[PDB]
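Next up is one chain by itself, shown in structure tokens, the form deposited without the partner chain.
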């Protein structure tokens, strides 16, 4: 059918410049691969606050992933995940911003630490949520369990834990083998 996909990427202070970059490159790889498909994209950066780097309308209008994310400025603050999510839910998946009413709403969260806030994600009930946790902060099984609450059930299917940002490349290779013409 139609897939409206939003990348919710972590731009906290824990990230080294090169790690932030690998996050941006992953997003561009996926978008470059699925260009001219049924997929529509939007990108939202989160730390303390939230910024929509580009919405579904910009994507359709300019279509170039490199131009779309060219002026992203790393925020360097905390990780307010609950707020970031309801923000997407309520401010990004909006028709005025180019979201298609008959589209499946998928949300891919990319983070490197646990959440520095709280609340609930009820506004995001009908959104498919994948969570990609990367790095040292998710070494313990205990810290990996904190992500389960932002992701769709079953977590083993929706939560991805990578030990290095180098692994995001291996994740893209794994994504590519599931690409099929229907």
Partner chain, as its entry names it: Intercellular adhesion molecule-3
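Positions refer to the first chain, counted from 1.
Participant: Averaging C-alpha B-factors over each stretch, which comes out higher, 4-12 or 171-179?
Facilitator: Looking at the recorded C-alpha B-factors, 171-179 comes out higher on average.
Participant: Test of understanding: from the entry's C-alpha B-factors, which stretch has the higher mean, 123-131 or 142-150?
Facilitator: Higher mean C-alpha B-factor: 142-150.
Participant: Which one of 137, 61, 70, 33 shows the biggest C-alpha B-factor in the PDB entry?
Facilitator: Highest C-alpha B-factor among the listed residues goes to 137.
Participant: Kindly indicate the residue among 37, 45, 57, 156 with the greatest C-alpha B-factor in the PDB record.
Facilitator: Highest CA B-factor of the listed options: 156.
Participant: Quick check for you: using the entry's CA B-factors within this chain, is residue 94 in the lowest, middle or highest third?
Facilitator: It belongs to the highest third of the chain when residues are ordered by C-alpha B-factor.
Participant: Using the temperature factors of the C-alpha atoms in this entry, rank residue 81 within its chain: lowest, middle or highest third.
Facilitator: Highest third - that is where residue 81 ends up once the chain's C-alpha B-factors are sorted.
The same protein also has a form solved in complex with the partner chain, omitted here; what follows describes it.
Participant: Does any part of residue 126 reach within 4.5 Å of the partner chain in the deposited complex? Heavy atoms only, please.
Facilitator: Close contact is absent here: in the deposited complex, residue 126 is far from the partner chain, nothing within 4.5 Å, heavy atoms only.
Participant: Look up in the deposited complex whether residue 57 has a non-hydrogen atom within 4.5 angstroms of the partner chain, and give yes or no.
Facilitator: It does not: once the partner chain is placed as it appears in the deposited complex, residue 57 has no heavy atom within 4.5 Å of it.
Participant: Can you check whether residue 115 is within 4.5 Å of the partner chain in the deposited complex, heavy atom basis?
Facilitator: Yes.
Participant: Does the 4.5 Å heavy atom contact test between residue 48 and the partner chain in the deposited complex come out positive?
Facilitator: Yes, residue 48 is a contact residue.
Participant: Can you pick out, from 103, 97, 89, 78, the residue that has a heavy atom within 4.5 Å of the partner chain in the deposited complex?
Facilitator: Selected option: 78.
Participant: Could you pull out the residues of 128-153 that have any heavy atom within 4.5 Å of the partner chain in the deposited complex?
Facilitator: If the 4.5 Å heavy-atom criterion is applied to the partner chain in the deposited complex, 128-153 yields 136, 137, 142.
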